[PDB]
Amino acid sequence: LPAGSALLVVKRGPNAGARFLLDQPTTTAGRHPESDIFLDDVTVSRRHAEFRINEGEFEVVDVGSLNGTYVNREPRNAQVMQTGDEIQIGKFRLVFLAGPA
């Protein structure tokens, strides 16, 4: 992992094994075709969550999803993520891993 970045790895879901680099201030996650992290399932809202970098601090922010964004099984409006945290969006379960400072 490049310095200052982080990674999300899909552990459960139709694209299990897939993984996405977080290396910009805002990364969108949803079913909208232009989502940075495109999670294509009915359980996922068009705009579901955003992952922010502020600053050396990675945060997930639920942006008004229908069925919630879960961090370690608990729904959150916003939550600063720590390595090994499981993020659930619809049926997709991902794990967060921080890169170098």
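Rules behind the numbers
- For each chain, numbering restarts from 1 and follows the sequence as written, which can differ from how the entry numbers it; residues lacking coordinates are not listed.
- The basis for every side-chain value is the complete set of heavy atoms in the structure, and neither hydrogens nor water enter the calculation.
- UniProt positions are given in the numbering used here, feature names are shortened, and annotations may be inferred rather than shown by experiment.
- Runs of E in the DSSP output that reach at least two residues are strands. Runs of H or I that reach at least four are helices, and both are numbered from the N terminus.
- One side-chain nitrogen of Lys or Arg within 4 Å of one carboxyl oxygen of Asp or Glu is enough to make a salt bridge.
- Residue burial is assigned from relative accessible area. The probe radius is 1.4 Å, only protein chains are included, and a residue is buried under 20% of its type maximum, exposed over 50%, and partly exposed in between.
- Here, a strand pair is defined by DSSP locating no fewer than two bridges between the strands.
- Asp and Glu count as negative and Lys and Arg as positive, but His and the ends of the chain are not part of the count.
- Under this definition, polar contacts are N or O atom pairs within 3.5 Å; protein pairs additionally need one hydrogen-donor-capable and one acceptor-capable atom, and for neighbouring residues in sequence, both atoms have to be side-chain atoms.
- Note on contacts: a residue pair is in contact if any heavy atoms of the two residues lie within 4.5 Å.

1. Quick notes on the UniProt feature "domain: FHA" in the chain
Annotation from UniProt places "domain: FHA" at residues 27–76. Helix makes up 0% of residues 27–76 and strand 42%, and the two end C-alpha atoms of the span are 17 Å apart.

2. Observations concerning the pattern of salt bridges
Inspection of every chain in the model, using the stated rule, returns 4 salt bridges. Residues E59 and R52 are paired through a salt bridge, measuring 2.4 Å at the closest nitrogen-oxygen approach. For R52, a relative accessible area of 33% puts it in the partly exposed group. Note that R76 and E74 form a salt bridge whose closest N and O atoms lie 3.0 Å from each other. A relative accessible area of 41% places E74 in the partly exposed class. Residues joined by salt bridges that share partners form a network here, namely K11, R73 and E86.

3. A word on the sheet that holds strand β5 (residues 49–53)
The 5 strands lie next to each other as β4-β3-β5-β6-β9, forming an open sheet whose pairing is mixed. A single partner strand is all that each edge strand has here, and the edge strands are β4 (37–38) and β9 (78–80). Where strand β3 (residues 26–30) lies against β5, 4 bridges are found, and the strand directions are antiparallel. Residue pairing across strands places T26 opposite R52, the latter belonging to β5.

4. Here we look at the side chain of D85
As for its position among the elements, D85 is in the loop between β9 and β10 (86–89). Despite being buried, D85 has no salt bridge partner; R73 is the closest side chain of opposite charge, sitting 8.4 Å away. Within the local environment of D85, its side chain forms a polar contact with the side chain of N72, the two groups lying 2.9 Å apart. When sequence neighbours within four positions are dropped, the list of residues in contact with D85 reads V71, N72, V80, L94, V95 and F96.

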